[PDB]
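A.B. asks: What follows is a single structure, and I will ask about it in a moment.
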Amino acid sequence: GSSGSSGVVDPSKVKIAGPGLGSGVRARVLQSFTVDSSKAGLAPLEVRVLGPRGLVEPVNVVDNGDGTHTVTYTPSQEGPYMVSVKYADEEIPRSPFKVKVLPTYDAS
């Protein structure tokens with residue numbers, strides 16, 4: 001049951017689950033995931049994508065309305081990318097995120 005009166009922000013309660021963060025990512029492909037911060041509080045969510053060499057790519061942020069956030073992006077190229085995420089000026093315990101992008105073409 002719901003009991004207690006507190007309004008603190010817990011950046012350690014926010015998580016993310018989606019294909020965009022998985023290992024099955026391909027370059028020049030639509031990558032998106034879900035950011036659950038309902039247990040974190042009412043704090044904002046920040047995101048950042050850093051290329052393998054040190055490139056800077058933009059990110060999308062959309063509020064679901066229930067208790068999550070959708071972030072769409074597209075890795076111009078492949079390689080060891082890095083998707084950092086913050087919450088209320090506090091780098092979540094799950095960030096940064098090591099996402100190794102793969103070449104649209106699979107060398108079988």
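By order in the structure tokens, chains are A, B, ...; within a chain, residues start at 1; ligands start at 1, following the order shown.
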Write out as a list in words which residues come within 6 Å of residue A:80 when counting only C-alpha atoms, dropping same-chain ones fewer than 6 positions away.
C.D. replies: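 Non-adjacent residues within range: residues 52, 100 and 101 of chain A.
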A.B. asks: Would you give me, as JSON, numbers by chain, the residues in chain A that DSSP reads as strand (DSSP E or B)?
C.D. replies: {"A": [15, 16, 17, 26, 31, 32, 33, 34, 35, 36, 45, 46, 47, 48, 49, 50, 56, 57, 62, 63, 68, 69, 70, 71, 72, 73, 79, 80, 81, 82, 83, 84, 85, 86, 87, 91, 97, 98, 99, 100, 101, 102]}
A.B. asks: Of the residues A:8, A:25, A:99, A:30, which is the one nearest to residue A:60, using only C-alpha atoms?
C.D. replies: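 Of A:8, A:25, A:99, A:30, the one nearest residue A:60, counting only C-alpha atoms, is A:30.
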A.B. asks: Show which residues sit within 7 Å of residue A:71, as a CSV table (one decimal) with N, CA, C and O atoms, in the first residue's frame. Count only C-alpha atoms, and ignore same-chain residues fewer than 3 positions away.
C.D. replies:
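Result file around-v3.csv:
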chain,number,residue,atom,x,y,z
A,32,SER,N,15.9,3.6,-30.7
A,32,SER,CA,15.1,4.2,-29.6
A,32,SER,C,15.0,3.3,-28.4
A,32,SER,O,15.1,2.1,-28.5
A,33,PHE,N,14.7,3.9,-27.3
A,33,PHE,CA,14.6,3.1,-26.0
A,33,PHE,C,13.6,3.8,-25.1
A,33,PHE,O,13.0,4.9,-25.4
A,34,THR,N,13.4,3.2,-23.9
A,34,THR,CA,12.5,3.8,-22.9
A,34,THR,C,13.2,4.1,-21.6
A,34,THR,O,13.9,3.2,-21.1
A,59,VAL,N,20.2,14.3,-29.6
A,59,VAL,CA,19.3,13.2,-29.0
A,59,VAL,C,17.9,13.8,-28.9
A,59,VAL,O,17.7,15.0,-28.8
A,60,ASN,N,16.9,12.9,-28.9
A,60,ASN,CA,15.5,13.3,-28.8
A,60,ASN,C,15.0,12.9,-27.4
A,60,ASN,O,15.3,11.8,-26.9
A,61,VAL,N,14.1,13.7,-26.9
A,61,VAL,CA,13.5,13.5,-25.6
A,61,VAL,C,12.0,13.7,-25.6
A,61,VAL,O,11.5,14.8,-25.9
A,62,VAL,N,11.2,12.7,-25.3
A,62,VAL,CA,9.8,12.8,-25.3
A,62,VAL,C,9.2,12.1,-24.1
A,62,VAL,O,9.5,11.0,-23.8
